[PDB]
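Chemist: Data file entry_6.cif (mmCIF, C-alpha atoms and all ligand atoms) is appended below.
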data_upload
loop_
_atom_site.label_atom_id
_atom_site.label_comp_id
_atom_site.auth_asym_id
_atom_site.auth_seq_id
_atom_site.Cartn_x
_atom_site.Cartn_y
_atom_site.Cartn_z
CA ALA A 11 22.39 14.11 -2.36
CA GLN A 12 21.83 10.87 -0.47
CA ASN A 13 20.63 7.76 -2.36
CA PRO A 14 20.82 9.32 -5.79
CA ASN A 15 20.02 6.07 -7.62
CA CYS A 16 16.70 5.89 -5.57
CA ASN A 17 17.33 2.36 -4.27
CA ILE A 18 14.98 0.81 -1.73
CA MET A 19 16.75 1.09 1.65
CA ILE A 20 16.40 -1.38 4.53
CA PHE A 21 16.68 -0.22 8.12
CA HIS A 22 17.46 -2.12 11.32
CA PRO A 23 16.62 0.27 14.23
CA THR A 24 17.71 -0.64 17.72
CA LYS A 25 15.09 -0.78 20.47
CA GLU A 26 16.23 2.67 21.56
CA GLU A 27 15.80 4.09 18.07
CA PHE A 28 12.34 2.47 17.86
CA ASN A 29 10.87 4.70 20.51
CA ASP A 30 10.29 7.85 18.59
CA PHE A 31 8.46 7.18 15.31
CA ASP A 32 8.63 10.69 13.86
CA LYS A 33 12.31 10.99 14.62
CA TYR A 34 13.11 7.71 12.89
CA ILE A 35 11.14 8.64 9.71
CA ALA A 36 13.13 11.89 9.61
CA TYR A 37 16.37 9.87 10.06
CA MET A 38 15.49 7.56 7.17
CA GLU A 39 14.85 10.60 4.99
CA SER A 40 18.20 12.12 6.06
CA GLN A 41 19.75 9.03 4.46
CA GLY A 42 17.74 9.43 1.22
CA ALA A 43 15.20 6.66 1.81
CA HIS A 44 12.29 8.62 0.37
CA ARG A 45 13.96 8.90 -2.95
CA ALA A 46 13.01 5.26 -3.66
CA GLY A 47 9.32 5.76 -2.78
CA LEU A 48 9.45 2.71 -0.43
CA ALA A 49 11.64 1.60 2.54
CA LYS A 50 11.72 -1.57 4.64
CA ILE A 51 12.06 -1.40 8.44
CA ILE A 52 13.03 -4.60 10.30
CA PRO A 53 11.94 -4.12 13.99
CA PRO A 54 14.42 -4.76 16.82
CA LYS A 55 14.54 -8.38 17.93
CA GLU A 56 13.04 -7.48 21.33
CA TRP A 57 9.86 -6.07 19.75
CA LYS A 58 6.56 -7.76 19.07
CA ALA A 59 3.22 -6.58 17.69
CA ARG A 60 1.27 -8.86 19.97
CA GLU A 61 1.83 -12.15 21.85
CA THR A 62 0.20 -14.55 19.41
CA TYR A 63 -2.10 -14.74 16.36
CA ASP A 64 -3.96 -17.76 17.69
CA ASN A 65 -7.29 -16.10 18.31
CA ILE A 66 -8.01 -14.10 15.05
CA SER A 67 -10.28 -16.55 13.20
CA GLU A 68 -13.49 -14.94 14.20
CA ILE A 69 -12.71 -11.56 12.66
CA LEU A 70 -15.30 -10.96 9.89
CA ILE A 71 -14.50 -10.09 6.32
CA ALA A 72 -17.89 -8.49 5.56
CA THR A 73 -17.19 -7.93 1.86
CA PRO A 74 -14.49 -10.16 0.38
CA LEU A 75 -13.47 -8.96 -3.05
CA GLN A 76 -12.97 -11.30 -6.08
CA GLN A 77 -10.34 -9.61 -8.25
CA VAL A 78 -11.28 -10.28 -11.86
CA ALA A 79 -8.71 -9.29 -14.52
CA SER A 80 -9.11 -8.05 -18.12
CA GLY A 81 -6.32 -7.42 -20.64
CA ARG A 82 -3.02 -9.12 -21.29
CA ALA A 83 -0.64 -10.75 -18.86
CA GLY A 84 1.59 -7.71 -18.36
CA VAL A 85 -1.00 -4.97 -18.90
CA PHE A 86 -4.38 -5.49 -17.28
CA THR A 87 -7.11 -4.01 -15.16
CA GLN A 88 -8.94 -5.65 -12.32
CA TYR A 89 -12.44 -5.16 -10.98
CA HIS A 90 -13.70 -6.13 -7.63
CA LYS A 91 -16.72 -8.38 -7.40
CA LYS A 92 -18.27 -8.41 -3.97
CA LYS A 93 -18.73 -11.87 -2.34
CA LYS A 94 -20.63 -13.05 0.67
CA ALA A 95 -19.18 -12.42 4.13
CA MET A 96 -16.83 -14.89 5.67
CA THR A 97 -14.70 -15.17 8.82
CA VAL A 98 -10.92 -15.06 8.74
CA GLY A 99 -10.96 -18.81 9.62
CA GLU A 100 -13.18 -19.47 6.60
CA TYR A 101 -11.02 -17.27 4.37
CA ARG A 102 -7.79 -18.98 5.50
CA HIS A 103 -9.27 -22.41 4.61
CA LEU A 104 -10.33 -21.00 1.18
CA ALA A 105 -6.80 -19.55 0.58
CA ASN A 106 -5.29 -23.04 1.35
CA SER A 107 -7.71 -24.87 -0.99
CA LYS A 108 -6.45 -26.53 -4.13
CA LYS A 109 -8.18 -23.88 -6.27
CA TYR A 110 -6.48 -20.92 -4.56
CA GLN A 111 -3.25 -22.10 -2.88
CA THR A 112 0.26 -21.00 -3.81
CA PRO A 113 1.84 -23.36 -6.39
CA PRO A 114 5.06 -25.10 -5.88
CA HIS A 115 8.01 -22.85 -6.51
CA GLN A 116 11.80 -22.64 -6.10
CA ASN A 117 12.22 -19.21 -4.65
CA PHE A 118 10.58 -15.76 -4.66
CA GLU A 119 11.86 -15.03 -8.18
CA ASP A 120 10.30 -18.20 -9.58
CA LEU A 121 7.01 -17.28 -7.87
CA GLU A 122 7.18 -13.75 -9.28
CA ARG A 123 7.59 -15.24 -12.79
CA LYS A 124 4.55 -17.46 -12.22
CA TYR A 125 2.51 -14.46 -10.93
CA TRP A 126 3.13 -12.38 -14.05
CA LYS A 127 2.63 -15.29 -16.40
CA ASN A 128 -0.59 -16.51 -14.89
CA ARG A 129 -2.33 -13.88 -12.76
CA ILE A 130 -4.89 -12.88 -15.33
CA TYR A 131 -6.24 -16.45 -15.62
CA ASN A 132 -7.42 -16.59 -12.07
CA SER A 133 -9.64 -14.47 -9.80
CA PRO A 134 -8.29 -14.53 -6.23
CA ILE A 135 -10.37 -13.23 -3.32
CA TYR A 136 -8.95 -10.33 -1.18
CA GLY A 137 -10.17 -9.41 2.32
CA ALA A 138 -9.04 -5.82 1.92
CA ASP A 139 -9.78 -2.55 3.63
CA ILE A 140 -11.21 -3.85 6.96
CA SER A 141 -11.23 -1.17 9.67
CA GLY A 142 -9.41 -2.48 12.73
CA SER A 143 -6.04 -3.37 14.35
CA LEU A 144 -4.11 -6.44 15.42
CA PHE A 145 -1.56 -4.45 17.58
CA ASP A 146 -1.80 -5.19 21.28
CA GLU A 147 -2.75 -2.06 23.18
CA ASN A 148 0.34 -2.58 25.31
CA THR A 149 2.68 -2.36 22.30
CA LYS A 150 4.04 1.15 22.64
CA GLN A 151 6.48 1.32 19.70
CA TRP A 152 5.29 1.49 16.09
CA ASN A 153 1.75 0.60 17.01
CA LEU A 154 -0.22 1.61 13.86
CA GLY A 155 -3.35 2.29 15.92
CA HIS A 156 -1.44 4.87 18.12
CA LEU A 157 0.21 7.08 15.59
CA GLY A 158 -0.15 10.89 15.56
CA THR A 159 -3.14 11.70 13.31
CA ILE A 160 -2.93 13.46 9.93
CA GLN A 161 -5.47 16.01 11.18
CA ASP A 162 -3.23 16.88 14.10
CA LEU A 163 -0.24 17.19 11.72
CA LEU A 164 -2.11 19.58 9.46
CA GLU A 165 -3.14 21.57 12.49
CA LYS A 166 0.40 21.72 13.86
CA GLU A 167 1.82 22.79 10.50
CA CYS A 168 -0.83 25.09 9.19
CA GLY A 169 -2.74 26.21 12.27
CA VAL A 170 -6.20 25.13 11.11
CA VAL A 171 -8.26 22.64 13.14
CA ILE A 172 -10.21 20.20 10.95
CA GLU A 173 -12.71 17.38 11.39
CA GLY A 174 -11.83 13.78 10.54
CA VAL A 175 -10.22 10.72 11.96
CA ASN A 176 -7.35 8.42 10.87
CA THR A 177 -7.60 4.65 11.70
CA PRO A 178 -5.87 1.52 10.42
CA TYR A 179 -7.02 -1.11 7.98
CA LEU A 180 -6.52 -4.88 7.85
CA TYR A 181 -5.81 -6.82 4.67
CA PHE A 182 -6.26 -10.58 4.53
CA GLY A 183 -4.58 -11.92 1.35
CA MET A 184 -4.12 -15.07 -0.64
CA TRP A 185 -1.97 -16.17 -3.58
CA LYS A 186 -2.29 -13.70 -6.50
CA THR A 187 -4.24 -11.06 -4.60
CA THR A 188 -3.11 -7.82 -6.11
CA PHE A 189 -2.75 -4.13 -5.28
CA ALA A 190 -2.89 -1.95 -8.35
CA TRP A 191 -0.55 0.96 -9.21
CA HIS A 192 -1.34 3.91 -6.99
CA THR A 193 -0.14 6.62 -4.70
CA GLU A 194 -1.91 7.29 -1.39
CA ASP A 195 -4.89 9.58 -0.97
CA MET A 196 -3.58 13.16 -1.09
CA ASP A 197 -0.11 11.66 -1.76
CA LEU A 198 0.25 10.78 1.96
CA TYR A 199 2.73 8.32 3.38
CA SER A 200 1.63 4.83 4.21
CA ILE A 201 3.00 2.31 6.67
CA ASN A 202 2.26 -1.41 6.35
CA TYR A 203 3.03 -4.14 8.79
CA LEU A 204 2.89 -7.78 7.66
CA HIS A 205 1.49 -9.48 10.83
CA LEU A 206 1.56 -13.06 9.68
CA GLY A 207 1.73 -15.51 6.86
CA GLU A 208 3.22 -15.52 3.42
CA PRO A 209 5.16 -12.65 1.84
CA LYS A 210 4.04 -9.58 -0.12
CA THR A 211 6.06 -8.45 -3.20
CA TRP A 212 6.19 -4.70 -3.90
CA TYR A 213 7.06 -2.63 -6.94
CA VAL A 214 7.68 1.12 -6.64
CA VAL A 215 8.53 4.14 -8.84
CA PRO A 216 10.71 6.90 -7.29
CA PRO A 217 8.61 10.01 -6.55
CA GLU A 218 10.81 12.12 -8.79
CA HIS A 219 9.80 9.88 -11.70
CA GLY A 220 6.12 9.38 -10.98
CA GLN A 221 4.98 11.34 -14.03
CA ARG A 222 6.85 8.86 -16.25
CA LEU A 223 4.66 6.11 -14.94
CA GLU A 224 1.53 8.28 -15.43
CA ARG A 225 2.46 8.96 -19.07
CA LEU A 226 2.95 5.25 -19.74
CA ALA A 227 -0.34 4.48 -18.06
CA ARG A 228 -2.17 6.98 -20.29
CA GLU A 229 -0.65 5.22 -23.35
CA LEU A 230 -1.51 1.69 -22.10
CA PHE A 231 -5.03 2.42 -20.86
CA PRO A 232 -6.18 4.98 -23.41
CA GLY A 233 -9.98 4.75 -22.80
CA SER A 234 -9.45 5.10 -19.03
CA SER A 235 -7.23 8.13 -19.66
CA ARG A 236 -9.92 9.87 -21.69
CA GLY A 237 -12.45 9.14 -18.92
CA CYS A 238 -10.41 10.75 -16.14
CA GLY A 239 -7.32 12.89 -15.84
CA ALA A 240 -6.22 10.94 -12.70
CA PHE A 241 -7.41 7.47 -13.38
CA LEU A 242 -4.69 5.74 -11.37
CA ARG A 243 -6.71 7.00 -8.38
CA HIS A 244 -9.20 4.28 -9.31
CA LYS A 245 -6.71 1.70 -8.22
CA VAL A 246 -7.41 -0.82 -11.00
CA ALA A 247 -4.43 -0.83 -13.39
CA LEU A 248 -1.49 -3.23 -13.44
CA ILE A 249 1.69 -3.04 -15.48
CA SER A 250 4.37 -5.73 -15.13
CA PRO A 251 8.04 -5.23 -14.48
CA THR A 252 8.85 -6.52 -17.94
CA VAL A 253 6.62 -3.87 -19.50
CA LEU A 254 8.03 -1.13 -17.29
CA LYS A 255 11.62 -2.17 -18.30
CA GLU A 256 10.60 -2.20 -22.03
CA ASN A 257 9.37 1.35 -21.67
CA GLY A 258 12.29 2.63 -19.66
CA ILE A 259 10.34 3.44 -16.49
CA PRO A 260 12.55 3.59 -13.40
CA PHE A 261 11.38 1.21 -10.65
CA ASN A 262 12.50 -1.12 -7.90
CA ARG A 263 11.13 -4.25 -6.30
CA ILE A 264 11.36 -5.89 -2.89
CA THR A 265 9.63 -8.70 -0.97
CA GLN A 266 8.24 -8.04 2.54
CA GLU A 267 8.06 -10.94 5.00
CA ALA A 268 6.05 -11.43 8.10
CA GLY A 269 7.29 -9.26 10.95
CA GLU A 270 8.52 -6.44 8.70
CA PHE A 271 7.30 -2.87 8.10
CA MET A 272 7.19 -1.07 4.79
CA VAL A 273 6.84 2.71 4.44
CA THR A 274 5.66 4.32 1.24
CA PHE A 275 6.62 7.97 0.75
CA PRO A 276 4.60 10.84 -0.73
CA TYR A 277 3.94 10.37 -4.44
CA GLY A 278 5.72 6.95 -4.48
CA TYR A 279 3.64 4.85 -6.91
CA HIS A 280 3.45 1.24 -5.76
CA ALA A 281 1.81 -2.08 -6.78
CA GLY A 282 2.25 -5.68 -5.80
CA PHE A 283 0.88 -9.09 -4.86
CA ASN A 284 0.60 -11.60 -2.05
CA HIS A 285 2.35 -14.96 -2.11
CA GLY A 286 -0.22 -16.87 -0.07
CA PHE A 287 -2.48 -16.49 2.94
CA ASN A 288 -1.38 -13.43 4.98
CA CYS A 289 -2.59 -10.53 7.08
CA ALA A 290 -1.26 -6.98 6.84
CA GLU A 291 -2.23 -3.77 8.65
CA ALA A 292 -1.73 -0.33 7.11
CA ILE A 293 -2.48 3.29 7.75
CA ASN A 294 -1.74 6.66 6.18
CA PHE A 295 0.35 9.26 7.99
CA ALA A 296 1.84 12.68 7.39
CA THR A 297 4.99 14.63 8.30
CA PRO A 298 5.90 18.29 7.69
CA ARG A 299 7.51 17.30 4.38
CA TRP A 300 4.19 15.91 3.12
CA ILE A 301 2.37 19.26 3.15
CA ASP A 302 3.78 20.37 -0.19
CA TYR A 303 2.83 17.04 -1.76
CA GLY A 304 -0.65 17.28 -0.46
CA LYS A 305 -1.07 20.67 -2.04
CA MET A 306 -0.03 19.32 -5.44
CA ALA A 307 -1.76 15.94 -5.38
CA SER A 308 -3.87 15.05 -8.39
CA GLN A 309 -7.38 14.30 -7.92
CA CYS A 310 -10.08 12.11 -9.54
CA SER A 311 -13.28 14.13 -10.01
CA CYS A 312 -15.03 11.60 -12.45
CA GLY A 313 -16.70 9.89 -9.58
CA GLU A 314 -14.91 6.61 -9.65
CA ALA A 315 -12.35 7.07 -6.84
CA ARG A 316 -14.81 7.62 -3.95
CA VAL A 317 -12.88 7.96 -0.66
CA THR A 318 -13.18 8.56 3.06
CA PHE A 319 -14.87 11.31 4.94
CA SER A 320 -11.53 12.65 6.14
CA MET A 321 -10.19 13.52 2.69
CA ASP A 322 -12.75 16.32 2.47
CA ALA A 323 -10.91 18.62 4.78
CA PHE A 324 -7.56 17.91 3.19
CA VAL A 325 -8.88 19.02 -0.23
CA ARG A 326 -10.80 21.91 1.22
CA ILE A 327 -7.80 23.38 3.05
CA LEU A 328 -4.88 22.42 0.83
CA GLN A 329 -6.60 22.57 -2.58
CA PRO A 330 -9.42 25.15 -2.33
CA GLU A 331 -9.53 25.81 -6.13
CA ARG A 332 -10.10 22.06 -6.74
CA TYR A 333 -12.59 21.63 -3.93
CA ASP A 334 -15.89 22.31 -5.72
CA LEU A 335 -15.15 19.98 -8.65
CA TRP A 336 -13.70 17.22 -6.50
CA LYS A 337 -16.68 17.30 -4.11
CA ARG A 338 -19.09 16.91 -7.07
CA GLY A 339 -17.19 13.66 -7.84
CA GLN A 340 -17.74 12.56 -4.24
CA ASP A 341 -21.54 13.38 -4.46
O1 LIG B 1 -1.21 -4.41 1.12
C1 LIG B 1 -2.02 -4.02 0.21
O2 LIG B 1 -2.90 -4.67 -0.43
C2 LIG B 1 -1.97 -2.59 -0.25
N1 LIG B 1 -1.18 -1.74 0.68
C3 LIG B 1 -0.80 -0.52 0.36
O3 LIG B 1 -0.97 0.04 -0.76
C4 LIG B 1 -0.07 0.33 1.35
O4 LIG B 1 0.21 -0.19 2.46
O5 LIG B 1 0.12 1.52 1.01
MG MG B 2 -11.24 -13.80 16.33
NI NI B 3 -0.71 2.02 -0.83
ZN ZN B 4 -11.65 9.28 -12.02
#
Can you dump the structure from the file as structure tokens?
Modeler:
Amino acid sequence: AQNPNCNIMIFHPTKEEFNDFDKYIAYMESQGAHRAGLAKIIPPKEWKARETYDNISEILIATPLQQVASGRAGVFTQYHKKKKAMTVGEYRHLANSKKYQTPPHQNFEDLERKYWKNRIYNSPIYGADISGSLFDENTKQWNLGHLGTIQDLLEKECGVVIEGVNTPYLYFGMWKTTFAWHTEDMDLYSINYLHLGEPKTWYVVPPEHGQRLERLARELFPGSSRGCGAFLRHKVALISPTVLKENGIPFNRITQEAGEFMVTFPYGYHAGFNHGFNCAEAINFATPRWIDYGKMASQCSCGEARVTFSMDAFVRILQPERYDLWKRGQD
């Protein structure tokens, strides 16, 4: 078995290998990359997402989210308080303000220490989940707005045509902005490209060990666990690396820098934080190997998780027994 210790793998495809997205994902899996839950892909030196980022300041962040924490430094939840709209130029100036800017630090490890020590005492503002793309339409390789759609994959694999669409999302971050422990909707893959700015640190649990993280989460967030049998679908809980190590949960960590792709694999729990002002783009995708994960994915039916239009068909076709209850949670 390849990569039996489930380490995060880093790939350096040539420009020739960068032509065929599906083929390269299958190659990475042939080498055991999925076992980690997360892989990094450094694009060939010839490749670019677009020519420059000089003209992005007028993009609107209609609903910036202030991420307010509750709990203790290593075990907390966050809720999202909606703020007034602002442009990306306004948000970048806010991220660089004395109140919100990255503190002085020696290296990524020092910054990671400062994040876990101090996150809960601040409420950073995240421009998350903005429909759109920063890939130039002329970028033909690994353009996250031109991928094969999940609906077309399900149709190719299973023969059933379904409604729904699959488009990318932009994330404008600042120091301490945080993504809570989660897997993707329907345990899909994700791909994330860091277009510009400061790094993003990731934590991940191997898919084979995901239920160990879920059991710890039920112990650490016991009221949330009674409320919902899949409460990590709410995307609000954080657990630090120190707490994971104390409880023997297998995980790995890696920092993504601007110009790099990350891929999360089906049922790979992940969490992390931004180092400073940045912009990322991400989208879900599927492969034939996903189908079995989609059929087994947990679902939130308590009403909290509320997701896209397109998840309907995935539940309806892959999880018909669950459909009725899940849809009640959506309505
Ligand atoms: O970058 C973020 O805030 C969160 N991204 C993801 O969870 C992802 O790409 O799957
Ligand atoms: Mg603009
Ligand atoms: Ni994700
Ligand atoms: Zn729920």
Chemist: So the first atom is CA of residue 233 in chain A and the second is CA of residue 211 in chain A; what is the distance between them in Å, to one decimal place?
Modeler: 28.6 Å
Chemist: Interatomic distance between CA of residue 332 in chain A and CA of residue 219 in chain A?
Modeler: 23.9 Å
Chemist: Would you compute an axis-aligned box for range 46-61 of chain A, covering every atom listed for it in the file with 5 Å of margin on each side, and report centre and edge lengths in Å to one decimal as JSON?
Modeler:
{"center_x": 7.9, "center_y": -3.2, "center_z": 9.1, "size_x": 23.3, "size_y": 27.9, "size_z": 35.5}
Chemist: Please, which residues have at least one atom within 9 Å of an atom of ligand MG 2 (chain B), using all atoms listed in the file, listed as a PyMOL selection string?
Modeler: chain A and resi 64-70+97-99
Chemist: Could you tell me how far CA of residue 50 in chain A lies from CA of residue 37 in chain A, in Å and to one decimal?
Modeler: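 Result for CA of residue 50 in chain A versus CA of residue 37 in chain A: 13.5 Å, one decimal.
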Chemist: Using all atoms listed in the file, which protein or nucleic acid residues are at most 8 Å from ligand ZN 4 (chain B), as a list in words?
Modeler: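 Here is the list of contacting residues: residues 237, 238, 239, 240, 241, 242, 243, 244, 309, 310, 311, 312, 313, 314 and 315 of chain A.
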Chemist: Those same residues - C-alpha atoms - I'd like them written as a short mmCIF file (atom, residue, chain, number, x, y, z; two decimals), keeping the file's coordinate frame.
Modeler:
data_model
loop_
_atom_site.label_atom_id
_atom_site.label_comp_id
_atom_site.auth_asym_id
_atom_site.auth_seq_id
_atom_site.Cartn_x
_atom_site.Cartn_y
_atom_site.Cartn_z
CA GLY A 237 -12.45 9.14 -18.92
CA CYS A 238 -10.41 10.75 -16.14
CA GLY A 239 -7.32 12.89 -15.84
CA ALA A 240 -6.22 10.94 -12.70
CA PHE A 241 -7.41 7.47 -13.38
CA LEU A 242 -4.69 5.74 -11.37
CA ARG A 243 -6.71 7.00 -8.38
CA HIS A 244 -9.20 4.28 -9.31
CA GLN A 309 -7.38 14.30 -7.92
CA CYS A 310 -10.08 12.11 -9.54
CA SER A 311 -13.28 14.13 -10.01
CA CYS A 312 -15.03 11.60 -12.45
CA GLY A 313 -16.70 9.89 -9.58
CA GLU A 314 -14.91 6.61 -9.65
CA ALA A 315 -12.35 7.07 -6.84
#
Chemist: Which residue out of A:166, A:33, A:210, A:91 has the minimum interatomic distance to ligand LIG 1 (chain B) when only C-alpha atoms and all ligand atoms are used?
Modeler: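 Ranking A:166, A:33, A:210, A:91 by distance to ligand LIG 1 (chain B), first place goes to A:210.
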